[PDB]
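Let me begin by presenting the structure, written as structure tokens, before commenting on it.
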Amino acid sequence: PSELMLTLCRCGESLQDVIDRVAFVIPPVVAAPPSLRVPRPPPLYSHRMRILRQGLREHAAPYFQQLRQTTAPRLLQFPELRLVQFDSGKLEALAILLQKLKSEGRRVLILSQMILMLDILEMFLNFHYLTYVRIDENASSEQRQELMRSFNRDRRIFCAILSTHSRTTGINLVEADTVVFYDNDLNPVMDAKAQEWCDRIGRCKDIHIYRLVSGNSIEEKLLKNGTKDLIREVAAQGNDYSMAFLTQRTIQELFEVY
Amino acid sequence: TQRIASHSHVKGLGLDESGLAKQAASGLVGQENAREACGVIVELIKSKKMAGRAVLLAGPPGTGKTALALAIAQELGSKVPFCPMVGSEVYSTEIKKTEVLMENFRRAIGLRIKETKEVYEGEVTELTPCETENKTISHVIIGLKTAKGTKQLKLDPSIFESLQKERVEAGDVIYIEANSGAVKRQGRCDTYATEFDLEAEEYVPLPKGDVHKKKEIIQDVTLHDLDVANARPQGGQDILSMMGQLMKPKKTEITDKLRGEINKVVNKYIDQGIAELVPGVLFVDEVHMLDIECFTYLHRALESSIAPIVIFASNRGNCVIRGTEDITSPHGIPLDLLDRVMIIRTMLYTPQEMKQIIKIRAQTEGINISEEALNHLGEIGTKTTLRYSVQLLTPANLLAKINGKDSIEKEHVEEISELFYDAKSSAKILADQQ
Amino acid sequence: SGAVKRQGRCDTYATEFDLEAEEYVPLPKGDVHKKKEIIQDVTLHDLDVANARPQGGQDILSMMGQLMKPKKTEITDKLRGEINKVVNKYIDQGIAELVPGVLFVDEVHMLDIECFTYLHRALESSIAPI
Amino acid sequence: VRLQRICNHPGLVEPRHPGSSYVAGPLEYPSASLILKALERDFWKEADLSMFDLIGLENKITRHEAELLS
Amino acid sequence: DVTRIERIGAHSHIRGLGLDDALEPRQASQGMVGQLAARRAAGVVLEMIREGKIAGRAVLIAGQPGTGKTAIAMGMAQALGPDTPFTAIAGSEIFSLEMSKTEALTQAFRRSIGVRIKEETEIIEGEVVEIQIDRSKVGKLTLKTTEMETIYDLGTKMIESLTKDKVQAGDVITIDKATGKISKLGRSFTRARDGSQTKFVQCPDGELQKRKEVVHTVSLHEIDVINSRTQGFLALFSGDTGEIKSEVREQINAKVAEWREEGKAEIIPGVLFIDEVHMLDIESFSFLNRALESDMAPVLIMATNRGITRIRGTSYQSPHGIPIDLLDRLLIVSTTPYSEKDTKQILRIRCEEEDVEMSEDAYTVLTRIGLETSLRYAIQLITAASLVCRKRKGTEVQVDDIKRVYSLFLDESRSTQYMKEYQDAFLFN
Amino acid sequence: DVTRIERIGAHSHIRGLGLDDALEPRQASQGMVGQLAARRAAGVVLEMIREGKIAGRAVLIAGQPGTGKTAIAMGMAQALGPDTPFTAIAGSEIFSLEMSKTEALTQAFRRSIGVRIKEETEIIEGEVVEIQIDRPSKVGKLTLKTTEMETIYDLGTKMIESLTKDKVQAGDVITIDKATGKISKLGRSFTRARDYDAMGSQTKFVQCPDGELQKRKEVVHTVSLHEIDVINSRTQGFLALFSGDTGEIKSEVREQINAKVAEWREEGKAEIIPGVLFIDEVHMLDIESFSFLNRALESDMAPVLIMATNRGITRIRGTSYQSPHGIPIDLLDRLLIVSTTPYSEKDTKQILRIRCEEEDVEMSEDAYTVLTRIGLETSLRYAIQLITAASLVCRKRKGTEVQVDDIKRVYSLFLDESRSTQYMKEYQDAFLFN
Amino acid sequence: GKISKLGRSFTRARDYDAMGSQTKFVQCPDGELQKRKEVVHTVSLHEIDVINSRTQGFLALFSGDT
């Protein structure tokens with residue numbers, strides 16, 4: 001009369017686990033029922049419909065939540081969260097790096113020049129169940145100092161996310177022995193500010209630094225060859241001094257791949 | 001990598017800029033007259049002026065009737081609808097045959113609608129009902145928080161019940177679509193991630209956009225989707241609709257009134273600039289399996305002003321029409337329907353064309369083959385049929401791989417032909433050896 | 001019986017509200033205790049088919065029977081027998097009169113052999129019509 | 001700059017969006033009020049055929065109702 | 001131009017019967033050509049229809065294929081207009097798995113009889129620039145109208161209904177005096193100034209309480225389906241009607257007659273058109289024998305070519321594939337084959353509808369081809385020839401384009417010959 | 001003793017095809033004997049199935065009755081293994097009242113294609129060292145350990161709910177899904193206290209987990225396309241997987257599912273595992289079914305089709321025509337034919353030897369010779385059936401080996417078709433409706 | 001328990017029936033409350049099958065919808 005025949009997905013599991021994994025189809029359209037409109041409904045018809053709907057609602061009240069849960073349609077898909085990691089190889093490498101560092105018991109600082117990339121990193125870290133603290137331009141100096149101290153005092157937080165363009169004064173010490181750079185800006189002043197904070201992170205403990213680079217691309221061209229030293233003048237110079245300051249040889253060297 | 005199929009080598013009709021057919025292009029070789037005719041039909045379809053024009057591809061088996069129909073689909077591109085069908089599908093248990101035909105007619109008419117979607121998303125700061133007798137909930141007040149701000153909203157009690165649906169509470173992140181009233185609880189905010197060492201909740205970040213957003217998108221639908229969505233309504237909130245949805249769903253014999261109303265509102269969308277119509281193609285392969293009732297219904301359907309372009313295919317001779325029990329007619333089709341149709345004649349292939357197609361299928365399947373084995377396969381194709389000769393390539397390649405060779409030779413083809421027999425040879429065994 | 005209905009608000013209340021959703025009704029005339037004899041004519045219309053699927057009701061199953069598809073079902077001979085019994089009882093009590101009528105089957109050649117063979121027994125019945 | 005944005009994450013340029021259905025709305029079929037007044041009849045010529053309701057199955061049964069009969 | 005859902009089809013060019021006031025047909029008028037006797041007979045039948053006194057009349061249109069009987073029926077439909085019902089079906093459509101053949105014909109008959117009802121309403125209108133409504137509830141309807149403002153005292157027991165369905169500042173609404181309903185127009189520019197597809201009207205006009213009569217034409221089938229079930233009107237769209245009980249139909253007939261005699265309704269008889277009636281069977285024709293004897297029956301029109309042909313469901317043969325029991329109960333209209341001049345004029349009309357220019361030599365060649373093979377084949381070559389002309393950047397269709405298309409696309413007469421040349425290659429002869 | 005549900009069937013002795021690494025068949029191996037060419041061809045087809053590149057290839061096994069067509073099919077099934085699908089049906093099974101023939105064949109086609117879905121999960125797995133719940137809103141604390149490490153967790157409310165509903169207590173070994181907090185209990189490492197009366201189940205013990213308490217692991221789930229169709233066909237449509245109320249799944253659902261599976265394949269989530277559909281006695285199919293198969297085999301998601309039939313020139317069902325194998329030549333051109341020959345004296349003897357081993361029956365050599373001559377004279381299946389009867393007859397006389405007299409005894413008791421027909425012709429007046 | 005309701009007396013009226021006085025009277029009890037009695041139920045086998053086939057399969061006994 002009863003048995004474990006409901007294990008239709010193999011490897012045990014309740015069948016709702018597999019249903020959630022492969023249920024994605026939505027109607028192309030969906031529409032509400034047609035409405036019968038008359039200028040003046042008769043009294044008896046409306047009375048009957050009122051009685052019928054009141055009775056159905058009142059008598060389905062014990063069943064109601066499960067009822068409308070079973071019946072309701074699926075109208076939204078949303079992207080899967082794993083596609084965040086899959087769409088970027090830097091996040092694919094960062095997953096391995098952060099898993100290794102968490103196995104080592106380490107704590108990290110992750111830095112990027114773009115505020116939006118921090119918004120994506122929040123979703124990545126939630127996908128890997130990692131707690132974090134965020135600092136950016138929109139955070140006030142009071143909020144920034146308080147959140148940095150919250151990261152420093154509390155070991156429950158695995159990592160800290162910072163905008164490279166919102167460093168600001170006030171940070172006296174960091175309770176972390178590892179740093180990851182998601183990107184490097186074209187402005188040499190931010191490179192100088194990065195290299196200085198690689199030093200004033202502190203000699204109280206030995207530290208490591210990581211920098212993610214997209215292979216076979218402009219990031220590898222700028223980093224390994226050091227082509228930024230040719231571009232460096234434009235940040236202070238501005239565009240108006242010379243339209244073609246970057247030579248054709250520089251363009252050929254930079255914008256190329258094997 | 002995608003799996004190889006019978007017509008995967010076909011990429012188009014291979015016609016030049018002047019409309020004439022190149023001898024070998026886009027996976028097709030020969031059959032130049034039919035390819036030029038199919039190009040004219042492609043020009044007919046892309047003009048979007050005509051309705052109900054019908055075409056029949058007629059010829060012996062194996063001459064490429066299905067390939068040219070699929071070559072039209074490649075030439076049109078994915079933007080135009082192309083609804084393939086086979087005549088056996090009309091015999092449903094749920095609905096009558098003419099309904100199946102009319103449903104497939106409507107599937108081939110596309111519609112690109114600009115839709116404006118109102119969405120609310122944010123962390124639920126608070127959630128308080130407001131109720132009173134006219135006893136019942138007049139509305140629910142909800143607050144939402146995002147990185148760019150916060151806002152207080154009052155919403156319908158249907159959305160309030162759709163919030164109790166997801167077990168939504170303060171601090172949870174949600175996504176509401178006001179057009180349908182659909183609600184999704186994405187999860188709890190990441191601010192509360194550190195509050196426990198272990199908790200069953202799934203955490204998501206705070207939304208970064210505005211609390212209320214107004215977005216414009218373009219939706220690809222057919223007329224059949226609009227018909228079905230209103231025939232069996234699914235997006236309601238009344239109790240009666242929910243009871244009706246508990247019934248087992250089956251296809252119903254949709255009326256002409258509903259289709260007329262859908263045509264009316266589609267015309268209103270087009271006049272308002274909201275929507276664009278994209279009429280397409282219906283492809284009924286093996287129409288000889290349709291019966292006389294189906295053929296007779298197509299007289300009225302093909303004469304409609306809404307109908308798409310239709311492509312038929314048949315290989316029969318002076319065969320008996322199904323359902324008539326003594327009436328022979330060409331192509332297994334009645335004369336009266338055949339009068340309403342332009343016929344494209346498909347021819348048999350020469351040995352050189354067979355060899356060329358075999359080489360194309362070999363390089364499509366990833367197979368190297370010597371010229372001797374290719375000539376032997378061409379001889380086999382002339383002796384038996386093209387399709388039999390093509391099917392020997394993969395087994396011969398497997399035998400060559402088992403032998404350590406990287407290419408087919410004649411001995412492998414000989415061994416495969418000895419192992420696997422064709423229909424004519426097997427029939428000779430049945431008739432002579434018995 | 002227990003039947004109650006508001007026919008409507010009285011017509012003298014024309015200035016009670018500036019709008020309405022239900023129309024007013026005038027007073028009735030004659031004595032308040034209205035009373036007269038009536039006659040109604042029926043067949044299976046509300047006897048066999050009425051007792052096949054119970055219309056009305058107040059449980060869940062009757063209510064969601066009210067929105068199921070109406071489908072004809074093959075009524076049992078036993079229900080017809082009980083219907084005949086109660087109708088005979090009420091004829092004996094005198095509040096009902098039996099009026100046999102006529103069935104006209106035009107194009108009778110279109111019936112099947114099974115239909116004719118059933119019509120043998122059907123015409124041999126004592127309750128059958130002309 | 002655009003290539004660097006692509007190198008970081010493609011969602012910085014072309015984010016994925018949720019798929020969804022095209023909400024069409026109701027058709028609003030109109031008709032007159034007398035159509036709903038069909039099959040209505042009048043009180044002095046209708047209803048109260050409950051004497052033939054064999055399927056009522058009300059409280060208690062014939063084994064006790066026979067005493068009520070006599 | 002933007003593509004509407006209606007596009008050019010087989011019978012789009014005809015827009016009526018080309019008849020003068022004396023029902024005498026013109027040689028070419030309203031898209032129709034020739035068939036003078038049949039067109040005159042159709043005009044007589046049309047005058048019989050629109051008078052509406054005589055019930056259950058049946059007509060058959062017969063002739064060879066391609067002689068325009070379906071075109072005649074479409075012309076009758078266009079000349080009759082939308083104010084009278086015109087139900088069109090094929091004979092194959094009654095073979096439903098949901099219902100019997102007789103039930104399908106029954107509700108096809110009833111879709112062709114309209115019931116016309118006029119209803120009176122009282123309605124108030126005003127612009128929602130602001131609402132000073134509290135919700136018991138209190139309000140004064142602070143709305144605007146061009147003649148004088150829509151301020152108006154409100155009954156306190158129902159003011160929540162005014163605020164129920166999201167009435168918001170920057171809108172225009174209408175209110176019913178007796179029903180109490182409220183409806184909205186949306187983001188009007190005069191009120192919403194400070195959305196797409198909203199009512200872009202200005203501030204409303206009139207003396208607030210405006211009288212309005214509304215006319216509804218409802219078929220008997222709609223009355224049947226609506227009253228058969230609690231939410232039966234959905235079945236009109238889904239087609240989930242079962243076999244409607246006979247008890248419902250006679251009650252509705254009695255009620256409709258009562259409304260007609262009481263003056264509360266008007267009966268509008270229409271037409272049922274069944275193309276290709278030779279798919280019907282003996283059972284269907286036998287039902288049609290007695291269905292046409294009802295006073296509430298429409299005019300019936302039928303089309304079939306045939307000769308002496310087997311009746312479906314039988315081994316018997318009869319003229320037109322119809323039993324003679326039914327042929328006695330109808331009048332037969334005969335369509336003759338077309339001449340050279342009529343064929344040429346039809347091709348001229350079709351080229352005009354398709355927006356195609358051709359040379360006179362091209363017209364001559366296409367008229368030769370039309371008589372040689374078929375009219376519908378020649379009509380098909382117009383579009384293909386225009387497309388071939390367009391690809392070579394031509395302005396008018398020439399004889400060479402038609403010869404090219406004739407070489408590419410071929411008709412049954414040549415396809416059958418080429419098939420017979422490869423008889424063993426083609427299957428199951 | 002211990003009779004499991006699988007007992008000795010007709011093809012239980014077959015466990016493979018008995019082929020060399022070079023696909024060359026052995027004279028007797030894996031229960032198969034004889035049919036060298038057919039077994040070699042089946043091995044080539046099995047390699048085609050294993051590589052999985054080519055879609056919709058069709059094979060027919062043909063020959064007289066009793067020649068091992070079905071045996072070759074089960075040999076392919078056993079050699080292929082359980083990881084790849086192998087859907088087997090009879091041709092009569094498609095004639096359903098719930099659905100059309102085309103729908104049934106579509107479901108059968110899609111049952112034979114596997115989707116190997118793969119995803120990452122994080123678990124917490126450890127021996128429960130301590131748990132505390134301060135129920136009065138509830139709060140609590142949990143402690144877990146492995147052989148390597150221990151950790152204390154401050155619990156959230158919903159985790160406490162899950163722990164209480166599962167009645168987790170110390171000494172248990174559990175696995176906690178980090179994504180949703182589902183708990184699964186693996187066993188116990190410590191006994192419950194013996195002071196407690198009546199709760200004294202002995203049970204069995206499980207070792208402590210090793211390594212980290214929290215781990216990330218890959219998990220693979222396999223589902224067919226038909227399962228995805230039925231789940232997405234309607235709300236609560238999963239019940240139709242068992243009940244079979246899958247009536248006429250809409251085509252748009254299947255198109256959406258195919259697109260989603262393809263994009264999953266490109267996005268690294270899933271792998272397509274194309275299997276085999278086997279239709280034994282395919283001559284029961286109607287002309288409409290074969291016409292549908294013509295187009296169904298041209299899809300890229302099509303599996304390998306295998307069919308078995310014995311007919312010669314024979315009527316096609318649903319028609320008055322005749323063709324080889326009772327199959328139209330439209331389909332026979334699309335497939336390769338494998339021919340099985342009748343068995344010789346030695347092959348029959350080896351089959352009977354293998355069958356005696358499966359049934360645990362010992363017979364003398366004279367008995368084997370006599371049964372071989374009987375099988376050559378009447379049929380192989382009759383001689384196989386006599387083995388069990390002869391063994392029972394030997395057993396009831398308390399014998400140890402089946403002798404010639406037992407075989408002759410059962411030959412007298414049980415009749416074959418030829419003798420029964422002869423004796424029926426003697427009583428031809430007594431038998432009914434000749 | 002399974003409590004049930006048979007009738008009522010309306011003690012204000014006495015010795016009236018079938019006219020417009022005391023019309024709602026049904027019966028008065030006539031014996032001691034422990035009314036043990038034997039009752040016999042006649043039923044066909046098919047009715048037992050129909051009653052047992054569904055939760056409320058007895059409705060099919062009227063409609064014939066078995």
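Naming convention: chains lettered A, B, ... in sequence-line order (proteins, then strands); numbering from 1 in each chain. Because only heavy atoms are used, hydrogens play no part in the values below, and waters and symmetry mates are left out as well, while side chains stay in.
- Summarising the geometry, atom CG belonging to E:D176 is positioned 9.5 Å from atom CG belonging to C:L19; distances are rounded to the nearest 0.5 Å.
- For C:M68, the CE atom counts as loosely surrounded, since its 6.0 Å shell holds 12 or fewer non-hydrogen atoms of other residues, nucleotides or ligands.
- Judged by distance alone, with hydrogens and angles left aside, the side-chain atoms of E:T179 form no donor-acceptor pair with the main-chain N or O of C:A21 at under 3.5 Å.
- Heavy atoms from other residues, nucleotides or ligands lying under 6.0 Å from CD of E:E207 number 12 at most.
- Summarising the geometry, atom CD belonging to E:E283 is positioned 10.0 Å from atom CG belonging to C:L111; distances are rounded to the nearest 0.5 Å.
- A heavy-atom distance below 4.5 Å is not found between the side chains of C:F17 and E:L154.
- Between E:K245 and C:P70, the closest heavy-atom pair is NZ-CB, 4.3 Å.
- Between E:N289 and C:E107, some side-chain heavy-atom pair lies under the 4.5 Å cut-off.
- Around atom OH of E:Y316, no more than 12 heavy atoms belonging to other residues, nucleotides or ligands sit under 6.0 Å away.
- Enclosure of atom NZ in C:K35 by more than 12 non-hydrogen atoms of other residues, nucleotides or ligands within 6.0 angstrom is indicated.
- Environment of NZ in C:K78: sparse, with no more than 12 heavy atoms of neighbouring residues, nucleotides or ligands closer than 6.0 Å.
- For C:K72 and E:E243, the salt-bridge test passes: some basic side-chain N is under 4.0 Å from an acidic carboxylate O.
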Inset, instruction - Tell me, with the steps shown, if C:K69 and E:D240 meet side chain to side chain contact (heavy atoms under 4.5 Å, CB included). - result: CA-CA 8 Å; C:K69 188 186 284 186; E:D240 211 37; 3.0 Å; yes
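- Going from atom CG of C:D46 over to atom CD of E:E247 covers 8.5 Å, rounded to the nearest 0.5 Å.
- Of the atoms belonging to C:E16, not a single heavy atom falls under 4.5 Å from chain E.
- No more than 12 heavy atoms of other residues, nucleotides or ligands shown are found within 6.0 angstrom of CD on C:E74.
- Taking both residues in full, the closest heavy atoms of C:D18 and E:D153 are given as CB-O, 3.2 Å, listed atom of the first, atom of the second, then distance.
- Contacts of E:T241 with chain C are absent, with no heavy-atom separation under 4.5 Å from either backbone or side chain.
- Atom CZ of E:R57 is surrounded by 12 or fewer heavy atoms from other residues, nucleotides or ligands within 6.0 Å.
- Annotation for C:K89: atom NZ does not count as buried by contact number, only 12 or fewer foreign heavy atoms lying within 6.0 Å.
- Of the inter-residue distances, the one linking C:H109 atom NE2 with E:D325 atom CG reads 6.5 Å to the nearest 0.5 angstrom.
- Of all the listed residues (C:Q66, C:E22, C:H45, C:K71), the one sharing the greatest number of non-hydrogen pairs under 4.5 Å with chain E is C:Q66.
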Legend entry - Intermediate values then yes/no, salt bridge (charged side-chain N to carboxylate O under 4.0 Å, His left out), E:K177 and C:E23: CA-CA 10 Å; E:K177 167 144 158 162; C:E23 61 266 38; over 6 Å; no
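- For the pair C:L67 and E:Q231, the minimum side-chain heavy-atom distance is 4.5 Å or more.
- Interface residue E:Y152: only side-chain heavy atoms are found under 4.5 Å from chain C.
- Using a 4.5 Å cut-off between heavy atoms, C:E20 contacts chain E through both its backbone and its side chain.
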